[PDB]
Amino acid sequence: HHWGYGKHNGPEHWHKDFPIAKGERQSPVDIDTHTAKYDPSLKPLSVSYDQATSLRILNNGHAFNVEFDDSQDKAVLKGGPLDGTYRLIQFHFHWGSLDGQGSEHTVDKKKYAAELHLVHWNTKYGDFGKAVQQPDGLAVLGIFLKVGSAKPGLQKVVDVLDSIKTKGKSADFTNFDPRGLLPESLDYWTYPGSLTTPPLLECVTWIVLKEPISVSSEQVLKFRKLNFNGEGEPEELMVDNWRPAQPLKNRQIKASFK
Ligand SMILES: C[C@]12CC[C@@H]3c4ccc(OS(N)(=O)=O)cc4CC[C@H]3[C@@H]1CC(=O)N(Cc1cccnc1)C2=O
Ligand SMILES: [Cl-]
Ligand SMILES: [Zn+2]
């Protein structure tokens, strides 16, 4: 009986195996645009994905991860609210069964069709594993997806999903450029949070971009053809793999823009 997104193992059940689920800095959260305050202390955000090297794409039974080679300083995120350099290790999405839901973070309670998460770990901790034992071990860049025009840079990902339909399946996925998934503006909101799936560790500095990217209905529809189940098991479509907004508690969301 492992955790999942169903009625009997979903978000409302996670706290039993992972008590931190009711912690003080859980994610995602609703972003109240009117309460968010511009922060002058924020330095310019730097997203350097030019030397990014993807290696494989994997269906882990919860979502699909496009993994990168992080053995060297290539794709790095720095600046903004970040202290030091954070290295890109993988990215994935959260999406819904319908266009009206799917994102984890919400803006003034508005839910987007999906949300892209680019995961990075603080290089001063040596590795990914050590980083998740630190309050500032990770930095996740979140990008909302709305349904409209297709996102050309996403098609490569969409087309390989047929080869990793079920849990446990992986496929080579080299030379994918994550720069093709970024919106024009880097305006963002930031706050201290956690991983949004078990183990829900509170080691994340969240940077959520204000401008969403547009993806086509056809592209998101293919996301919904993936399976939560493994090969040879009853089919359960991989949809609504998002955690709802959690209590903001003692936190303030800062804006990078006036
Ligand atoms: C694989 C992992 C569990 C899942 C974690 C996880 C879960 C959801 C997730 O999605 S979201 N929305 O970005 O939060 C991202 C990650 C990235 C980190 C990853 C951990 C990376 C890691 O070193 N360890 C080992 C570990 C755990 C605790 C202390 N030291 C090392 C994990 O078990
Ligand atoms: Cl179900
Ligand atoms: Zn995520």
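Values reported hereafter were calculated over all heavy atoms of this structure, with side chains retained and with hydrogens, waters and symmetry mates removed. In each ligand, atom 1 is the first atom listed, and ligand 1 is the first ligand listed. Positions are given from 1, in the same order as the sequence printed here.
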Apex the Zn ion (ligand 3); atoms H94 NE2 and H117 ND1; angle rounded to 10 degrees: 100°
Please name the residue in the list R243, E115, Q26, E104 that meets the side-chain hydrogen bond (donor to acceptor under 3.5 Å, both in side chains) test with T196. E104
Under 4.0 Å from a heavy atom of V119: give me the atoms of ligand 1 that qualify, with their elements. 13 (O)
By number and element, which atoms of ligand 1 are closer than 4.0 Å to a non-hydrogen atom of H92? 10 (O), 11 (S), 12 (N), 13 (O)
On the 0 to 90° scale, with breaks at 30° and 60°, tag the [X]-[Y] ring pair as parallel, tilted or perpendicular.
| X | Y | result |
| --- | --- | --- |
| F228 | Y5 | parallel |
| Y191 | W206 | parallel |
| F223 | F93 | perpendicular |

[X] N/O under 3.5 Å from ligand 1 N/O:
| X | value |
| --- | --- |
| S194 | no |
| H117 | yes |
| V132 | no |
| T197 | no |

Specify whether the nearest protein heavy atom to [atom] is under 4.0 angstrom away.
| atom | answer |
| --- | --- |
| atom 8 (C) of ligand 1 | yes |
| atom 32 (C) of ligand 1 | no |
| atom 25 (C) of ligand 1 | no |
| atom 16 (C) of ligand 1 | yes |

With a heavy-atom distance limit of 4.0 Å, tell me whether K130 approaches ligand 1 through its side chain, its backbone, both, or neither. neither
Tell me the contacting part of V204 for ligand 1: side chain, backbone, both, or neither, using a 4.0 Å heavy-atom threshold, strictly below. neither
Pairing of [X] and [Y] as salt bridge, 4.0 angstrom limit:
| X | Y | answer |
| --- | --- | --- |
| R25 | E202 | no |
| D108 | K110 | no |
| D73 | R87 | yes |

From the options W242, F128, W206, select the one whose nearest heavy atom is closest to atom 18 (C) of ligand 1. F128
Examine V47 and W189 and state if one hydrophobic cluster contains both, with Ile, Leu, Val, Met, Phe, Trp and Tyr joined whenever side-chain heavy atoms are less than 4.5 Å apart. no
